[PDB]
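Novice: Following this message is one structure expressed as structure tokens.
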Amino acid sequence: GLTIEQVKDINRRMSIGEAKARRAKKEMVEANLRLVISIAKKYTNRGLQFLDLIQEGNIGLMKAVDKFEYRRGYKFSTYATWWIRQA
DNA sequence: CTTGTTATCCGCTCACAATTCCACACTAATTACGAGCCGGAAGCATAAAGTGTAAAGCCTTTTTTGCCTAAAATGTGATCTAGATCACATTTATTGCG
Numbered sequence: 352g353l354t355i356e357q358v359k360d361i362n363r364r365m366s367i368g369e370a371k372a373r374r375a376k377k378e379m380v381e382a383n384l385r386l387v388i389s390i391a392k393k394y395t396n397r398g399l400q401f402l403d404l405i406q407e408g409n410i411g412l413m414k415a416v417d418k419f420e421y422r423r424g425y426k427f428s429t430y431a432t433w434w435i436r437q438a
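Quick note: to get the deposited numbering, add 351 to the position in the first sequence (first position is 1).
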């Protein structure tokens, strides 16, 4: 129900906001890889290998960083490790 | 003097255990719990057309039974001729020999 010319304008500016945020979150999911292996000692030999253990650990950190609020009393080193041990 | 290829050396990843049967005896650790949720099935009686089972109800055919009796098979024993029986004693005829 939109013009083929203007419909592109809506999406072209969405790739700008998601890009400035994506690259900005690539620095938090790289310097915090030490916390993933830290709590990865509670689910070692059980049924899944260690190589596939930090798999659900890295995906969890990338989820918490997105739903994180710097304007909140709780820090990140505690709020992020919540979704990690959940995956 | 500097440069190259080549030879020797090392540590490394790599490929690589072969005399031949059986018997007896023995053996395993670990991820926080509780409340709420949807799940399968506990096997419940239901009910129907459909199916295949299970009583025994008179017919017909087979098979054992008891039957009757007309006609054929079956002892009676004392006398009497045609038959049989043993053992191993002595007499007889067979083919040749000389």
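Virtual Cβ for every residue (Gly too), placed ideally from N, Cα, C.
(1) Return the Cβ separation of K414 and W434 in integer angstroms, given the expectation that the two are a contact with Cβ distance under 8 Å.
(2) Using DSSP with H/G/I as helix, E/B as strand and the rest coil, what is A375?
(3) Where do the ends of the alpha helix (DSSP H) carrying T432 lie?
(4) Given this structure, state the Cα-to-Cα distance separating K393 from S366, to the nearest angstrom.
(5) Kindly indicate which three-state DSSP category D360 falls into: helix, strand or coil?
(6) Can you name, in chain order, every residue of its own chain whose Cβ lies under 8 Å from the Cβ of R422, other than the five neighbours on each side?
(7) So, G398 versus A438, is the Cβ gap smaller than 8 Å?
(8) My guess is that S428 and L386 are in contact by the Cβ rule of under 8 Å, so how many angstroms apart are they, rounded?
(9) What's the C-alpha gap between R364 and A370?
Specialist: This is what the structure holds:
(1) 5 Å
(2) helix
(3) 431-435
(4) 39 Å
(5) Shown here, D360 sits in a helix according to DSSP, grouped into three states.
(6) none
(7) For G398 and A438, no; Cβs fall outside 8 Å.
(8) 7 Å
(9) 10 Å
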